[PDB]
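> Just the starting chains for now, same placement as in the complex:
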Amino acid sequence: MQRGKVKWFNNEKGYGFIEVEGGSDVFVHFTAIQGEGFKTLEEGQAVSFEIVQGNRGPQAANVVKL
């Protein structure tokens, strides 16, 4: 994967951004989150993930709570 920290995530809207070292923030949607738990993330949370290119540009995939 790749590593970063959740910059913010709105659990009502179902999206937020992941902050990365030496890079632009990366959009994260709830559908990308891994695990049986409720599909939410919280400010400051450590994650591993993959950057993929969709029709709107870069986005996270395979987002795992560390």
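Looks like it arrived, so ask away. Numbering: from 1, shown residues only, chains lettered A, B, ... in the order given.

> what's the offset of stretch A:53-60 from the middle of its chain?
Its chain's average C-alpha position is 12 Å from that of stretch A:53-60, according to CA atoms, centre = their mean, to the nearest Å.

> end-to-end on it?
9 Å (CA to CA, to the nearest Å).

> List the residues that contact the residue nearest to residue A:28 when sequence neighbours are not counted.
In space, not counting the residues next to it along the chain, residue A:28 is nearest to residue A:60; the distance is 4.3 Å by CB to CB, 6 or more residues apart in numbering. C-beta here means a position set from N, CA and C on the backbone, and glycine is covered the same way. With contacts defined as CB atoms under 8 Å, 6 or more residues apart in numbering, residue A:60 is in contact with A:18, A:26, A:27, A:28, A:29, A:32, A:49, A:50, A:51, A:52.

> Chain B goes on too:
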Amino acid sequence: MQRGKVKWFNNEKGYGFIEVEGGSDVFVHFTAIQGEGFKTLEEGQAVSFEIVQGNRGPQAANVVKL
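Now chain B, sitting on the chains shown earlier:
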């Protein structure tokens, strides 16, 4: 976003392909499958998905079983 059908899926390894009417097959990994329950797909199952590009080439995302 579009629909297709599962071409095949190797349950042990957790990946397979979705076949698209008039288009190329799309690789699908279990981590893209939405919903609760054991992450798996069955040959012939209709699905909705999006296509993203990662380091390995095009792959499915937001795979929903219809």
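
> Pick out the residue of chain A closest to chain B.
Proximity to chain B, evaluated over chain A using CB to the nearest CB, is greatest for residue A:52 at 4.0 Å.

> That residue contacts residue B:52, doesn't it?
Yes: counting by CB atoms under 8 Å, residue A:52 touches residue B:52, with 4.0 Å between them.

> okay, and the common contacts of the two?
A:59, A:61, B:59, B:61 (CB atoms under 8 Å, 6 or more residues apart in numbering or on different chains).

> so how far is chain A from the last one?
Yep, that's residue B:61 we're talking about. 6 Å (CB to the nearest CB, to the nearest Å).

> tell me the SS of that residue?
For residue B:61, the reduced secondary structure class is strand; criterion used: DSSP: H, G, I helix; E, B strand; the rest coil.
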